[PDB]
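S.K.: Have a look at the structure that comes next, please.
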Amino acid sequence: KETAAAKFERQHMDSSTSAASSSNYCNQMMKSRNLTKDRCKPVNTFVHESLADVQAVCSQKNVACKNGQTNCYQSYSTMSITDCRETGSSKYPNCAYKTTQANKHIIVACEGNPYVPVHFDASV
Ligand SMILES: [Cl-]
């Protein structure tokens, strides 16, 4: 079984680019991060910052999670992110995503020792 921290990295980290450079980014990344294997994951955000910078959010601003838990943290800085969401043309096995690039604060849920991101809650 994948660890929670490892799953977060696979689903949400893309430090290799500064930003999505085209409309096909999400189609490509959703496939390669294995988020379309058996069904199309409907919504997924990638963060275009270093792993260290995202990990550091777990010692930034403590805020409530949407679900009412208290282990969420909001980045002090905006970060480059890409939101990927399925479009109406999407039909497994031919998933199709809209790519939306933005610079926004991220909110992550943190757990463990080391205390690291395990869920992507939202951007603001
Ligand atoms: Cl997400």
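So you can find residues: chains in the structure tokens are A, B, ... in the order shown, residues in each start at 1, and ligands are numbered from 1 in order.
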Check every protein, DNA and RNA residue against ligand 1, keep those with an atom at most 9 Å away (counting only C-alpha atoms and all ligand atoms), and present them as a PyMOL selection string.
M.R.: chain A and resi 11-12+43-46+83-84+119-123
S.K.: What does the file look like for those residues with N, CA, C and O atoms, as a compact mmCIF listing (two decimals), in the first residue's frame?
M.R.:
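Contents of the output file selection-v4.txt:
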```txt
# COMPACT_ATOMS: atom_id res chain seq x y z
N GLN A 11 0.02 12.46 -6.42
CA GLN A 11 -1.15 13.15 -6.90
C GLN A 11 -0.95 14.63 -7.10
O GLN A 11 -1.61 15.22 -7.96
N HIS A 12 -0.09 15.28 -6.30
CA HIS A 12 -0.12 16.73 -6.20
C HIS A 12 1.16 17.50 -6.46
O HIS A 12 1.10 18.72 -6.51
N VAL A 43 -11.25 15.54 -10.23
CA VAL A 43 -10.61 16.82 -9.95
C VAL A 43 -9.26 16.54 -9.30
O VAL A 43 -9.16 15.66 -8.43
N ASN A 44 -8.23 17.27 -9.69
CA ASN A 44 -6.90 17.11 -9.09
C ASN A 44 -6.04 18.31 -9.32
O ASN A 44 -5.95 18.77 -10.46
N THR A 45 -5.38 18.80 -8.29
CA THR A 45 -4.51 19.98 -8.39
C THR A 45 -3.04 19.54 -8.31
O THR A 45 -2.65 18.76 -7.43
N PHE A 46 -2.20 20.06 -9.20
CA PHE A 46 -0.74 19.93 -9.15
C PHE A 46 -0.11 21.25 -8.73
O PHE A 46 -0.51 22.32 -9.16
N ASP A 83 -5.03 23.36 -11.80
CA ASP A 83 -6.20 22.56 -11.50
C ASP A 83 -6.57 21.78 -12.76
O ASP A 83 -6.62 22.34 -13.86
N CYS A 84 -6.85 20.50 -12.59
CA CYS A 84 -7.28 19.60 -13.65
C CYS A 84 -8.66 19.10 -13.31
O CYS A 84 -8.89 18.56 -12.21
N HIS A 119 -3.00 15.47 2.43
CA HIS A 119 -4.17 15.74 1.59
C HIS A 119 -4.09 17.15 1.08
O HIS A 119 -3.58 18.03 1.77
N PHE A 120 -4.59 17.37 -0.13
CA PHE A 120 -4.73 18.69 -0.70
C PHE A 120 -6.15 19.14 -0.46
O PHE A 120 -7.10 18.55 -0.99
N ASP A 121 -6.35 20.13 0.41
CA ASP A 121 -7.72 20.51 0.78
C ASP A 121 -8.32 21.52 -0.19
O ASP A 121 -9.47 21.34 -0.62
N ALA A 122 -7.57 22.56 -0.56
CA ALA A 122 -8.09 23.65 -1.39
C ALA A 122 -6.99 24.58 -1.83
O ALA A 122 -5.90 24.54 -1.25
N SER A 123 -7.25 25.46 -2.80
CA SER A 123 -6.44 26.63 -3.02
C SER A 123 -7.26 27.85 -2.73
O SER A 123 -8.52 27.82 -2.79
```
S.K.: What are the nearest atom pairs, with distances in Å to one decimal, for all residues of stretch 13-57 of chain A that come at most 9 Å from stretch 71-82 of chain A, using only C-alpha atoms, set out by chain and rising residue number as a Markdown table?
M.R.:
```
| residue | atom | partner | partner_atom | distance |
| --- | --- | --- | --- | --- |
| A:14 | CA | A:81 | CA | 8.9 |
| A:18 | CA | A:80 | CA | 7.0 |
| A:19 | CA | A:80 | CA | 6.3 |
| A:20 | CA | A:82 | CA | 6.5 |
| A:25 | CA | A:82 | CA | 8.8 |
| A:26 | CA | A:82 | CA | 8.1 |
| A:44 | CA | A:82 | CA | 8.5 |
| A:45 | CA | A:82 | CA | 5.6 |
| A:46 | CA | A:82 | CA | 5.2 |
| A:47 | CA | A:81 | CA | 4.5 |
| A:48 | CA | A:80 | CA | 5.2 |
| A:49 | CA | A:80 | CA | 6.8 |
| A:54 | CA | A:75 | CA | 8.2 |
| A:56 | CA | A:75 | CA | 8.4 |
| A:57 | CA | A:75 | CA | 5.3 |
```
S.K.: Would you pick out the contacts of residue A:118 at 6 Å or less, using only C-alpha atoms, so that residues sharing its chain but fewer than 6 positions from it are not included, and give the list as a PyMOL selection string?
M.R.: chain A and resi 4-5+8+109-110
S.K.: Selection from above, C-alpha atoms, as an mmCIF file, in the first residue's frame, can you write it?
M.R.:
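again18.cif, written as the output of this step:
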```cif
data_model
loop_
_atom_site.group_PDB
_atom_site.id
_atom_site.type_symbol
_atom_site.label_atom_id
_atom_site.label_comp_id
_atom_site.auth_asym_id
_atom_site.auth_seq_id
_atom_site.Cartn_x
_atom_site.Cartn_y
_atom_site.Cartn_z
ATOM 1 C CA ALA A 4 -0.236 8.791 2.695
ATOM 2 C CA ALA A 5 2.759 11.081 2.117
ATOM 3 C CA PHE A 8 0.190 13.139 -1.839
ATOM 4 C CA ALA A 109 -3.666 18.557 5.688
ATOM 5 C CA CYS A 110 -0.544 17.341 7.507
#
```
S.K.: For a test of reading the model, state the distance in Å between atom CA of residue A:6 and atom CA of residue A:32, rounded to one decimal.
M.R.: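 That distance, rounded to one decimal, is 15.3 Å.
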S.K.: To test your reading of the structure, identify every residue in stretch 11-84 of chain A that backbone DSSP assigns to strand (DSSP E), and report it as a ChimeraX atom specification.
M.R.: /A:43-47,61-63,72-74,79-84
S.K.: Tell me which protein, DNA and RNA residues are within 10 Å of stretch 89-95 of chain A, counting only C-alpha atoms, leaving out same-chain ones fewer than 2 positions away, and put them as a PyMOL selection string.
M.R.: chain A and resi 27+30-31+35-42+85-87+97-98
S.K.: Put those residues in a file: C-alpha atoms, as a compact mmCIF listing (two decimals), in the first residue's frame.
M.R.:
```txt
# COMPACT_ATOMS: atom_id res chain seq x y z
CA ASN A 27 -4.48 15.04 -19.93
CA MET A 30 -3.39 12.72 -15.07
CA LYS A 31 -2.39 9.72 -17.19
CA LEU A 35 -4.93 8.94 -11.96
CA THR A 36 -6.90 7.50 -14.89
CA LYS A 37 -6.04 3.77 -14.54
CA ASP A 38 -9.47 2.35 -13.68
CA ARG A 39 -11.67 5.44 -13.67
CA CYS A 40 -11.06 9.16 -14.34
CA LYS A 41 -10.21 11.03 -11.14
CA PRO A 42 -12.66 13.95 -11.43
CA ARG A 85 -10.98 18.82 -13.95
CA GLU A 86 -12.84 16.44 -16.18
CA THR A 87 -14.83 18.02 -19.04
CA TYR A 97 -9.46 17.38 -18.65
CA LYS A 98 -9.53 21.12 -18.59
```
S.K.: Atom CA of residue A:107 to atom CA of residue A:60: how many Å, to one decimal?
M.R.: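 Answer for the atom CA of residue A:107 to atom CA of residue A:60 separation: 10.0 Å.
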S.K.: Using DSSP on the backbone coordinates, identify all residues within stretch 43-105 of chain A classified as alpha helix (DSSP H); present the result as number ranges by chain.
M.R.: A: 51-55
S.K.: In Å, with one decimal, what is the gap from atom CA of residue A:55 to atom CA of residue A:34?
M.R.: 22.2 Å
S.K.: For residue A:63, which residue among A:116, A:9, A:2, A:106 is the nearest when counting only C-alpha atoms?
M.R.: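 Residue with the minimum atom-to-atom distance to residue A:63: A:106.
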S.K.: I'd like to know which of A:88, A:111, A:15, A:10 is closest to residue A:51, using only C-alpha atoms.
M.R.: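 Residue with the minimum atom-to-atom distance to residue A:51: A:15.
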S.K.: Could you check the closest approach to residue A:112 for each of A:64, A:33, A:100, A:3 and tell me which residue wins, using only C-alpha atoms?
M.R.: A:3
